[PDB]
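File shown here: input-v8.csv, holding CSV, C-alpha atoms.
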```csv
chain,number,residue,atom,x,y,z
O,573,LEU,CA,0.5,-44.6,-10.7
O,574,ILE,CA,-0.1,-41.8,-8.3
O,575,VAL,CA,0.6,-38.1,-8.8
O,576,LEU,CA,3.0,-36.6,-6.2
O,577,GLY,CA,3.5,-33.0,-7.0
O,578,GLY,CA,3.3,-30.5,-9.8
O,579,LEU,CA,3.1,-26.9,-10.9
O,580,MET,CA,0.7,-25.6,-13.6
O,581,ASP,CA,2.2,-22.1,-14.2
O,582,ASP,CA,0.3,-19.7,-16.4
O,583,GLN,CA,1.1,-16.1,-17.2
O,584,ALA,CA,0.1,-13.3,-19.5
O,585,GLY,CA,1.1,-9.7,-20.1
O,586,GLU,CA,0.5,-6.4,-22.0
O,587,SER,CA,2.5,-3.2,-22.4
O,588,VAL,CA,1.0,-0.7,-24.9
O,589,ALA,CA,2.6,2.8,-25.1
O,590,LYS,CA,0.4,5.3,-26.8
O,591,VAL,CA,0.6,9.0,-27.6
O,592,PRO,CA,-2.3,10.5,-25.6
O,593,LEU,CA,-4.7,12.1,-28.2
O,594,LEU,CA,-3.5,10.6,-31.5
O,595,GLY,CA,-3.2,7.0,-30.1
O,596,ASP,CA,-6.8,5.9,-30.2
O,597,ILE,CA,-7.4,6.8,-33.8
O,598,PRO,CA,-9.2,3.7,-35.1
O,599,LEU,CA,-7.5,3.7,-38.5
O,600,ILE,CA,-4.0,5.1,-38.4
O,601,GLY,CA,-3.6,5.1,-34.6
O,602,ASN,CA,-2.0,1.7,-34.7
O,603,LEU,CA,1.3,3.2,-36.0
O,604,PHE,CA,1.8,5.2,-32.8
O,605,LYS,CA,1.7,2.5,-30.1
O,606,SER,CA,4.5,0.1,-29.2
O,607,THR,CA,2.2,-2.8,-28.4
O,608,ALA,CA,4.1,-5.4,-26.4
O,609,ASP,CA,2.7,-8.8,-25.4
O,610,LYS,CA,3.9,-11.9,-23.5
O,611,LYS,CA,2.0,-15.2,-23.3
O,612,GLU,CA,3.6,-18.0,-21.4
O,613,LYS,CA,2.4,-21.3,-20.0
O,614,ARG,CA,4.4,-24.1,-18.3
O,615,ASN,CA,3.2,-27.4,-16.8
O,616,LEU,CA,5.1,-29.8,-14.6
O,617,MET,CA,4.3,-33.1,-12.9
O,618,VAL,CA,6.0,-35.8,-10.8
O,619,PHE,CA,4.6,-39.3,-11.0
O,620,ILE,CA,5.7,-42.6,-9.5
E,379,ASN,CA,2.7,12.4,-18.8
E,380,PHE,CA,2.4,15.8,-20.5
E,381,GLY,CA,4.6,18.9,-20.7
E,382,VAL,CA,5.3,22.1,-22.6
E,383,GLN,CA,8.7,23.7,-22.3
E,384,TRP,CA,9.3,27.1,-23.9
E,385,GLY,CA,12.9,28.3,-24.5
E,386,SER,CA,14.6,31.3,-26.0
E,387,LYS,CA,18.4,31.6,-26.4
E,388,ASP,CA,18.4,35.3,-25.3
E,389,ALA,CA,15.2,35.6,-23.3
E,390,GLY,CA,15.3,32.9,-20.7
E,391,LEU,CA,13.7,29.4,-20.6
E,392,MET,CA,10.6,27.7,-19.1
E,393,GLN,CA,11.4,24.2,-18.0
E,394,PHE,CA,9.8,21.6,-15.6
E,395,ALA,CA,10.6,18.3,-14.0
E,396,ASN,CA,8.9,15.2,-12.7
E,397,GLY,CA,6.1,14.7,-15.2
E,398,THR,CA,7.7,16.0,-18.4
E,399,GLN,CA,10.8,13.8,-17.8
E,400,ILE,CA,13.2,15.9,-20.0
E,401,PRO,CA,14.3,19.4,-19.1
E,402,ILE,CA,14.9,22.0,-21.8
E,403,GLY,CA,18.0,23.0,-20.0
E,404,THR,CA,19.7,19.6,-20.0
E,405,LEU,CA,18.5,18.8,-23.6
E,406,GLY,CA,19.5,22.2,-24.8
E,407,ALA,CA,22.9,21.7,-23.1
E,408,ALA,CA,23.3,18.3,-24.7
E,409,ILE,CA,22.3,19.5,-28.2
E,410,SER,CA,24.4,22.6,-27.6
E,411,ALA,CA,27.3,20.3,-26.9
E,412,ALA,CA,26.4,18.1,-29.9
E,413,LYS,CA,27.0,20.4,-32.9
E,414,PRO,CA,30.6,19.7,-34.1
E,415,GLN,CA,33.5,22.1,-33.8
E,416,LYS,CA,36.0,22.8,-36.5
E,417,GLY,CA,39.8,22.5,-36.7
E,418,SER,CA,42.7,24.8,-37.5
E,430,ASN,CA,43.0,20.9,-39.4
E,431,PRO,CA,40.4,18.0,-39.4
E,432,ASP,CA,36.9,18.8,-38.1
E,433,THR,CA,35.6,16.1,-35.7
E,434,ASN,CA,31.9,15.2,-35.7
E,435,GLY,CA,32.2,13.1,-32.6
E,436,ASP,CA,30.7,15.2,-29.7
E,437,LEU,CA,28.0,12.8,-28.5
E,438,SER,CA,27.1,10.2,-25.8
E,439,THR,CA,25.3,12.9,-23.8
E,440,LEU,CA,22.0,12.7,-25.8
E,441,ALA,CA,22.7,9.0,-25.8
E,442,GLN,CA,22.6,8.9,-22.0
E,443,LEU,CA,20.0,11.6,-21.5
E,444,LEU,CA,17.7,10.0,-24.1
E,445,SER,CA,18.6,6.4,-23.0
E,446,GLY,CA,15.7,5.8,-20.6
E,447,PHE,CA,13.0,7.8,-22.2
E,448,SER,CA,9.7,6.9,-24.0
E,449,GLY,CA,8.0,10.2,-24.7
E,450,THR,CA,6.9,12.0,-27.8
E,451,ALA,CA,9.1,15.0,-27.9
E,452,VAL,CA,8.5,17.4,-30.8
E,453,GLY,CA,10.3,20.7,-31.4
E,454,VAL,CA,8.0,23.5,-32.6
E,455,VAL,CA,9.8,26.8,-33.5
E,456,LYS,CA,7.4,29.8,-33.3
E,457,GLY,CA,8.8,33.3,-33.1
E,458,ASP,CA,12.2,31.9,-31.9
E,459,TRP,CA,10.6,30.0,-29.0
E,460,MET,CA,11.5,26.3,-29.1
E,461,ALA,CA,8.2,24.8,-27.9
E,462,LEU,CA,9.5,21.5,-26.7
E,463,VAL,CA,6.2,19.5,-26.2
E,464,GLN,CA,6.6,16.2,-24.4
E,465,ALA,CA,3.8,13.6,-23.9
E,466,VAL,CA,3.4,9.9,-23.4
E,467,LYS,CA,0.8,7.4,-22.1
E,468,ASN,CA,1.6,3.7,-21.5
E,469,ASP,CA,-0.7,1.1,-20.0
E,470,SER,CA,0.4,-2.2,-18.5
E,471,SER,CA,-1.5,-5.4,-17.5
E,472,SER,CA,0.0,-8.5,-15.9
E,473,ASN,CA,-2.0,-11.7,-15.1
E,474,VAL,CA,-0.3,-14.6,-13.3
E,475,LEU,CA,-1.9,-17.9,-12.3
E,476,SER,CA,0.2,-20.5,-10.5
E,477,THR,CA,-1.0,-23.7,-8.8
E,478,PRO,CA,1.5,-26.0,-7.1
E,479,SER,CA,0.3,-29.4,-5.8
E,480,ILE,CA,1.4,-32.0,-3.3
E,481,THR,CA,0.5,-35.4,-2.0
E,482,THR,CA,1.2,-36.3,1.6
E,483,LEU,CA,-0.1,-38.8,4.0
E,484,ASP,CA,-2.0,-37.8,7.2
E,485,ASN,CA,0.2,-35.9,9.7
E,486,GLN,CA,3.3,-36.1,7.6
E,487,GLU,CA,4.9,-32.8,6.5
E,488,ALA,CA,6.1,-32.3,2.9
E,489,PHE,CA,7.1,-29.4,0.8
E,490,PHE,CA,7.8,-28.5,-2.8
E,491,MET,CA,10.0,-26.0,-4.7
E,492,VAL,CA,10.6,-24.9,-8.3
E,493,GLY,CA,13.0,-22.1,-7.4
E,494,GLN,CA,16.7,-21.4,-7.6
E,495,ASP,CA,19.8,-21.1,-5.4
E,496,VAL,CA,21.2,-17.6,-5.3
E,497,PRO,CA,24.6,-16.7,-3.7
E,498,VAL,CA,23.8,-14.4,-0.8
E,499,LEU,CA,26.8,-12.9,0.8
E,500,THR,CA,26.9,-12.3,4.6
E,501,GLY,CA,30.1,-10.5,5.2
E,514,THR,CA,30.6,-15.6,4.3
E,515,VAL,CA,28.5,-16.3,1.2
E,516,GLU,CA,25.5,-18.5,1.9
E,517,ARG,CA,23.1,-20.2,-0.5
E,518,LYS,CA,19.5,-19.0,-0.2
E,519,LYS,CA,16.5,-20.7,-1.8
E,520,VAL,CA,13.9,-18.8,-3.8
E,521,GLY,CA,10.9,-19.7,-5.9
E,522,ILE,CA,7.5,-21.2,-5.3
E,523,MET,CA,7.5,-23.2,-2.0
E,524,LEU,CA,4.6,-24.9,-0.5
E,525,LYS,CA,5.2,-26.6,2.9
E,526,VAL,CA,2.0,-28.2,4.2
E,527,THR,CA,1.3,-30.5,7.1
E,528,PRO,CA,-2.3,-31.7,6.7
E,529,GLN,CA,-4.4,-33.4,9.4
E,530,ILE,CA,-7.7,-35.2,8.7
E,531,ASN,CA,-10.4,-34.2,11.2
E,532,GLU,CA,-13.7,-36.0,11.4
E,533,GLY,CA,-16.6,-34.9,9.3
E,534,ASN,CA,-14.0,-35.1,6.4
E,535,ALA,CA,-12.5,-31.7,7.3
E,536,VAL,CA,-8.8,-31.0,6.8
E,537,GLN,CA,-6.7,-28.9,9.1
E,538,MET,CA,-3.5,-27.7,7.4
E,539,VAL,CA,-0.4,-25.9,8.6
E,540,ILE,CA,0.6,-24.2,5.4
E,541,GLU,CA,3.9,-22.2,5.0
E,542,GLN,CA,3.9,-20.9,1.5
E,543,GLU,CA,6.4,-18.6,-0.2
E,544,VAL,CA,6.7,-17.1,-3.7
E,545,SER,CA,10.1,-15.6,-4.1
E,546,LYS,CA,11.6,-14.0,-7.1
E,547,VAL,CA,15.0,-12.5,-7.9
E,548,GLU,CA,14.7,-8.7,-8.5
E,549,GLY,CA,17.6,-6.8,-9.9
E,550,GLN,CA,18.9,-3.4,-8.9
E,551,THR,CA,21.9,-4.9,-7.2
E,552,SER,CA,22.9,-2.1,-4.8
E,553,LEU,CA,25.3,-3.9,-2.6
E,554,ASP,CA,23.9,-7.4,-3.3
E,555,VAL,CA,21.0,-8.8,-5.1
E,556,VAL,CA,17.5,-8.2,-3.8
E,557,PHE,CA,14.5,-10.5,-3.7
E,558,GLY,CA,10.8,-10.2,-3.6
E,559,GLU,CA,8.9,-12.5,-1.2
E,560,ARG,CA,5.2,-13.1,-0.8
E,561,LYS,CA,5.3,-15.6,2.0
E,562,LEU,CA,2.6,-16.4,4.5
E,563,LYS,CA,2.5,-18.9,7.4
E,564,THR,CA,-1.1,-19.6,8.5
E,565,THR,CA,-3.3,-22.5,9.7
E,566,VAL,CA,-6.6,-23.0,8.0
E,567,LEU,CA,-9.4,-25.6,8.4
E,568,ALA,CA,-11.0,-26.2,5.0
E,569,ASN,CA,-13.8,-28.7,4.0
E,570,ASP,CA,-13.4,-31.9,2.0
E,571,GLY,CA,-13.0,-30.4,-1.4
E,572,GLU,CA,-14.1,-26.8,-1.0
E,573,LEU,CA,-11.9,-23.7,-1.6
E,574,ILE,CA,-11.0,-21.3,1.1
E,575,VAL,CA,-9.2,-18.0,0.7
E,576,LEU,CA,-6.0,-17.8,2.8
E,577,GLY,CA,-4.5,-14.4,2.2
E,578,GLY,CA,-4.4,-11.6,-0.2
E,579,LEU,CA,-3.6,-8.0,-1.0
E,580,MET,CA,-5.8,-5.5,-3.0
E,581,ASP,CA,-3.4,-2.7,-3.6
E,582,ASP,CA,-4.8,0.5,-5.2
E,583,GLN,CA,-2.9,3.7,-5.8
E,584,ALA,CA,-3.3,7.1,-7.6
E,585,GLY,CA,-1.3,10.2,-8.1
E,586,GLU,CA,-1.1,13.7,-9.5
E,587,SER,CA,1.7,16.2,-10.1
E,588,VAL,CA,0.8,19.3,-12.0
E,589,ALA,CA,3.4,22.1,-12.3
E,590,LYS,CA,1.9,25.5,-13.3
E,591,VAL,CA,3.2,29.0,-13.8
E,592,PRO,CA,1.4,31.0,-11.1
E,593,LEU,CA,-0.8,33.6,-12.9
E,594,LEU,CA,-0.8,32.3,-16.5
E,595,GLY,CA,-1.5,28.7,-15.5
E,596,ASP,CA,-5.2,28.8,-14.9
E,597,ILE,CA,-6.1,30.3,-18.2
E,598,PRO,CA,-9.1,28.2,-19.3
E,599,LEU,CA,-8.1,28.2,-23.0
E,600,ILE,CA,-4.4,28.4,-23.5
E,601,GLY,CA,-3.3,27.7,-20.0
E,602,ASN,CA,-3.0,24.0,-20.7
E,603,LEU,CA,0.3,24.6,-22.6
E,604,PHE,CA,2.0,25.9,-19.5
E,605,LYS,CA,1.6,23.0,-17.0
E,606,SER,CA,3.4,19.7,-17.0
E,607,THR,CA,0.5,17.5,-15.9
E,608,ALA,CA,1.8,14.2,-14.6
E,609,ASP,CA,-0.4,11.3,-13.5
E,610,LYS,CA,-0.1,7.8,-12.2
E,611,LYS,CA,-2.9,5.2,-11.9
E,612,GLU,CA,-2.0,1.8,-10.6
E,613,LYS,CA,-4.0,-1.2,-9.2
E,614,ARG,CA,-2.8,-4.6,-8.2
E,615,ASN,CA,-4.7,-7.6,-6.8
E,616,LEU,CA,-3.3,-10.7,-5.3
E,617,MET,CA,-4.9,-13.8,-3.7
E,618,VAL,CA,-3.8,-17.2,-2.3
E,619,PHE,CA,-6.4,-20.0,-2.4
E,620,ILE,CA,-6.2,-23.7,-1.5
C,430,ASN,CA,43.9,28.6,-34.2
C,431,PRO,CA,40.5,26.7,-33.8
C,432,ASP,CA,37.8,28.4,-31.6
C,433,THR,CA,36.2,25.8,-29.3
C,434,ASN,CA,32.5,26.2,-28.5
C,435,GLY,CA,32.6,23.7,-25.7
C,436,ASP,CA,32.5,25.6,-22.4
C,437,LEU,CA,29.4,24.1,-20.7
C,438,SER,CA,28.3,21.5,-18.1
C,439,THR,CA,27.9,24.3,-15.6
C,440,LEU,CA,24.5,25.4,-16.7
C,441,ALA,CA,23.8,21.7,-17.2
C,442,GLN,CA,24.4,21.2,-13.5
C,443,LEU,CA,23.0,24.4,-12.1
C,444,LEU,CA,19.9,24.0,-14.2
C,445,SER,CA,19.7,20.2,-13.7
C,446,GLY,CA,17.3,20.2,-10.8
C,447,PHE,CA,15.2,23.2,-11.5
C,448,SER,CA,11.5,23.6,-12.6
C,449,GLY,CA,10.9,27.4,-12.6
C,450,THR,CA,9.9,29.8,-15.2
C,451,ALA,CA,13.0,32.0,-15.6
C,452,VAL,CA,12.7,34.9,-18.0
C,453,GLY,CA,15.3,37.5,-18.7
C,454,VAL,CA,14.0,41.0,-19.1
C,455,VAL,CA,16.5,43.7,-20.2
C,456,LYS,CA,15.4,47.2,-19.3
C,457,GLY,CA,17.9,50.0,-19.1
C,458,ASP,CA,20.8,47.5,-18.8
C,459,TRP,CA,19.2,45.7,-15.8
C,460,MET,CA,18.8,42.0,-16.4
C,461,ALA,CA,15.5,41.5,-14.5
C,462,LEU,CA,15.7,37.8,-13.9
C,463,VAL,CA,12.2,36.9,-12.9
C,464,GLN,CA,11.7,33.4,-11.4
C,465,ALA,CA,8.3,31.8,-10.6
C,466,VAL,CA,6.9,28.3,-10.3
C,467,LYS,CA,3.9,26.6,-8.6
C,468,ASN,CA,3.4,22.8,-8.5
C,469,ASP,CA,0.7,20.8,-6.7
C,470,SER,CA,0.9,17.2,-5.7
C,471,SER,CA,-1.8,14.6,-4.6
C,472,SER,CA,-1.2,11.0,-3.6
C,473,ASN,CA,-3.9,8.5,-2.7
C,474,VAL,CA,-2.9,5.0,-1.6
C,475,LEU,CA,-5.4,2.3,-0.5
C,476,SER,CA,-4.0,-1.1,0.6
C,477,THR,CA,-5.8,-4.0,2.3
C,478,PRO,CA,-4.0,-7.2,3.2
C,479,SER,CA,-6.0,-10.2,4.4
C,480,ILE,CA,-5.3,-13.3,6.4
C,481,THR,CA,-7.2,-16.5,7.6
C,482,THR,CA,-6.1,-18.1,10.8
C,483,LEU,CA,-7.7,-20.3,13.3
C,484,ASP,CA,-8.4,-19.3,16.9
C,485,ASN,CA,-5.3,-18.6,18.9
C,486,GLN,CA,-2.9,-19.5,16.1
C,487,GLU,CA,-0.5,-16.7,15.0
C,488,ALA,CA,0.0,-16.1,11.3
C,489,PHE,CA,1.5,-13.4,9.2
C,490,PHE,CA,1.8,-12.2,5.6
C,491,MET,CA,4.2,-10.2,3.4
C,492,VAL,CA,4.5,-8.8,-0.1
C,493,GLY,CA,7.9,-7.2,0.5
C,494,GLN,CA,11.5,-7.7,-0.6
C,495,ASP,CA,14.8,-8.6,0.9
C,496,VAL,CA,17.4,-5.8,0.9
C,497,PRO,CA,21.1,-6.3,1.7
C,498,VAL,CA,21.7,-4.3,4.9
C,499,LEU,CA,25.3,-4.1,5.9
C,500,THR,CA,26.3,-4.1,9.6
C,501,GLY,CA,30.0,-3.6,9.5
C,514,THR,CA,28.5,-8.3,8.2
C,515,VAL,CA,25.8,-7.9,5.6
C,516,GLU,CA,22.4,-9.1,6.9
C,517,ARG,CA,19.1,-9.6,4.9
C,518,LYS,CA,16.3,-7.4,6.2
C,519,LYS,CA,12.7,-7.7,5.2
C,520,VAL,CA,10.5,-4.8,4.0
C,521,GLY,CA,7.0,-4.4,2.7
C,522,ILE,CA,3.5,-4.8,3.9
C,523,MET,CA,3.5,-7.2,6.8
I,621,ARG,CA,-12.2,-5.8,10.2
I,622,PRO,CA,-12.4,-9.2,11.8
I,623,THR,CA,-14.7,-11.8,10.3
I,624,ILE,CA,-15.3,-15.1,12.1
I,625,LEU,CA,-16.3,-18.1,9.9
I,626,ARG,CA,-18.7,-20.5,11.4
I,627,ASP,CA,-19.4,-23.3,8.9
I,628,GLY,CA,-19.4,-24.1,5.2
I,629,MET,CA,-22.0,-21.3,4.7
I,630,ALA,CA,-19.6,-18.7,6.0
I,631,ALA,CA,-16.6,-19.9,3.9
I,632,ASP,CA,-19.2,-20.3,1.1
I,633,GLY,CA,-20.0,-16.6,1.4
I,634,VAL,CA,-16.5,-15.2,1.9
I,635,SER,CA,-14.7,-17.6,-0.4
I,636,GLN,CA,-17.4,-17.3,-3.0
I,637,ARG,CA,-17.3,-13.6,-3.1
I,638,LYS,CA,-13.5,-13.4,-3.2
I,639,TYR,CA,-13.1,-16.3,-5.6
I,640,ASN,CA,-15.9,-15.2,-7.9
I,641,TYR,CA,-14.8,-11.6,-7.6
I,642,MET,CA,-11.2,-12.4,-8.7
I,643,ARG,CA,-12.5,-14.8,-11.4
I,644,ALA,CA,-14.9,-12.1,-12.4
I,645,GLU,CA,-12.0,-9.7,-12.8
I,646,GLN,CA,-10.2,-12.3,-15.0
I,647,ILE,CA,-13.4,-12.4,-17.1
I,648,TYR,CA,-13.1,-8.6,-17.3
I,649,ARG,CA,-9.6,-9.4,-18.5
I,650,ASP,CA,-11.1,-11.9,-21.0
I,651,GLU,CA,-13.7,-9.7,-22.6
I,652,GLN,CA,-11.2,-6.9,-22.6
I,653,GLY,CA,-8.9,-8.9,-24.8
I,654,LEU,CA,-5.4,-8.5,-26.0
I,655,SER,CA,-4.7,-5.9,-28.6
I,656,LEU,CA,-3.0,-8.3,-31.1
I,657,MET,CA,-4.4,-11.8,-30.9
I,658,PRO,CA,-8.1,-12.4,-30.1
I,659,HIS,CA,-7.4,-16.1,-30.5
I,660,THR,CA,-5.4,-16.5,-27.3
I,661,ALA,CA,-6.9,-17.7,-24.0
I,662,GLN,CA,-6.4,-15.6,-20.9
I,663,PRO,CA,-5.5,-17.4,-17.7
I,664,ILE,CA,-8.9,-18.0,-16.1
I,665,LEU,CA,-9.9,-19.7,-12.9
I,666,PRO,CA,-11.9,-23.0,-12.9
I,667,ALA,CA,-15.6,-23.2,-12.9
I,668,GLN,CA,-16.7,-24.0,-9.3
```

Structure translated into structure tokens:
Amino acid sequence: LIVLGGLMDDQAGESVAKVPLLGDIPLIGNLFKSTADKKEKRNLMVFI
Amino acid sequence: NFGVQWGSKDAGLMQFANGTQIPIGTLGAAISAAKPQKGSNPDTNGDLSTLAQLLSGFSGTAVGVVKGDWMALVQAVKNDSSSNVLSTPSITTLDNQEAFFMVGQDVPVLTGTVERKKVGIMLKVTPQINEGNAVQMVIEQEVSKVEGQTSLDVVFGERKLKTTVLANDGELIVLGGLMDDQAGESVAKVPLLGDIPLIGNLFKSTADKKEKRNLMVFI
Amino acid sequence: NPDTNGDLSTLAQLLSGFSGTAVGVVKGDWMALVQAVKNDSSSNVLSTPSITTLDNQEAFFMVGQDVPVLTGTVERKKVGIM
Amino acid sequence: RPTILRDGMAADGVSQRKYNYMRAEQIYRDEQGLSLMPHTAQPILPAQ
């Protein structure tokens, strides 16, 4: 076998949306932010 | 973002734009158009789709504080973002034989005559083996991506480069890059009673925008 | 027979693009409409593309877009940091 | 700012500071983890 081509894609992401003063409360601040996320990973190969 | 908007029904209003993202005049007009009218005979509660459009693209904390018949519409929001993308195509040629690669799409691009245009991660190399085990490459890379908008036709985003490097046997070399870095500020005072050091803060619609974006292409 | 409270979308257009403090002071039946506003702005943009060529070999770079530009015949035109 | 590159020492210097600078920034995206899942690997560059 020999590897010809390929693509090892790898992404990430983050989108938090606070309220400026009452967003970093360490206890009840969590219910003020709309914490998005996106993890993604995709591999690809072509052999022969 | 930040913003304080005072408003009285009989004594004028204090609104701002571009940093408070919602005027008290448009929102007071929409809510003023929102309370239902009566009949002669049925009373329809169906006057809407103006707050549904004005509040469609909007993410701010908007409270309404009544104090002495002054609707203190306070608007504030803060939202961070963080992307991180790592991609690595690969190819296997012989010496002095060009070869490329693609994982993209074919998008109908109209010219007047619709023509098919290729997008996506392309990597067209033509390596040459120099003595001392050094490799000369003629690399014509492209990272295209379909962006929306769609003004008259679809728009793209390209990140292409067409260079010629001379790397070592297995060592990395940086080809291109872009270290973008921005800032921004848009405060909107009221001229005399805006620089009050204590209560002046609730008169200005202090916008901000911090942004930073790095990019590299290695081989 | 019903009285409609729906005469609007004239203040909603006249006050659409407007950022001023507009108070209404009645004094002796004289509506002293006082208007005032002050707004500062400050942008700061630092960008630094980079490239790696050989000697005497041209090369370019781009992080832009492709926008449909109509000539009569729509043609694709490149933008962005070249 | 032009910068000529003589040998493997020059591309060692420039490619080392750019590569380890960007990898270092991904490490600052690794210690500064995601707000939801600490047990999720960020996309990080290889070792050397």

- Message: For a quick check of understanding, using all atoms listed in the file, which of E:403, E:521, E:397, E:381 has the smallest distance to residue C:445?
- Response: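 Smallest separation from residue C:445 among the options: E:403.
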
Between chain O and chain I, at 12 Å or less, what are the per-residue closest atom pairs and their distances in Å? Count all atoms listed in the file, order by chain and rising residue number, and return it as a Markdown table.
```
| residue | atom | partner | partner_atom | distance |
| --- | --- | --- | --- | --- |
| O:580 | CA | I:663 | CA | 11.1 |
| O:581 | CA | I:663 | CA | 9.7 |
| O:582 | CA | I:663 | CA | 6.4 |
| O:583 | CA | I:663 | CA | 6.7 |
| O:584 | CA | I:662 | CA | 7.0 |
| O:585 | CA | I:654 | CA | 8.9 |
| O:586 | CA | I:654 | CA | 7.4 |
| O:587 | CA | I:655 | CA | 9.9 |
| O:588 | CA | I:655 | CA | 8.6 |
| O:589 | CA | I:655 | CA | 11.9 |
| O:602 | CA | I:655 | CA | 10.1 |
| O:605 | CA | I:655 | CA | 10.7 |
| O:606 | CA | I:655 | CA | 11.0 |
| O:607 | CA | I:655 | CA | 7.6 |
| O:608 | CA | I:656 | CA | 9.0 |
| O:609 | CA | I:656 | CA | 8.1 |
| O:610 | CA | I:654 | CA | 10.2 |
| O:611 | CA | I:660 | CA | 8.5 |
| O:612 | CA | I:663 | CA | 9.8 |
| O:613 | CA | I:663 | CA | 9.1 |
| O:614 | CA | I:663 | CA | 12.0 |
```

- For chain O, which of E:571, E:401, E:577, E:478 is the closest residue, counting all atoms listed in the file?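 Of E:571, E:401, E:577, E:478, the one nearest chain O, counting all atoms listed in the file, is E:478.
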
- Message: Could you tell me which residues of chain E sit within 10 Å of chain O when counting only C-alpha atoms, and give me the result as a list in words?
- Response: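 Here they are: residues 379, 380, 448, 449, 450, 464, 465, 466, 467, 468, 469, 470, 471, 472, 473, 474, 475, 476, 477, 478, 479, 480, 481, 482, 489, 490, 491, 492 and 522 of chain E.
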
- Counting all atoms listed in the file, which residues from chain E have an atom at most 6 Å from any atom of chain C, and could you show them as a VMD selection string? chain E and resid 389 to 395 404 407 417 to 418 500 to 501 554 556 to 566 576 to 592

- Could the residues of chain I within 10 Å of chain C, counting all atoms listed in the file, be given as a list in words, please?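 Using all atoms listed in the file, chain I residues at most 10 Å from chain C: residues 621, 622, 623, 624 and 625 of chain I.
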
- Item | atom CA of residue E:539 to atom CA of residue E:484, distance in Å rounded to a single decimal |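 If I compute the distance from atom CA of residue E:539 to atom CA of residue E:484, I get 12.1 Å.
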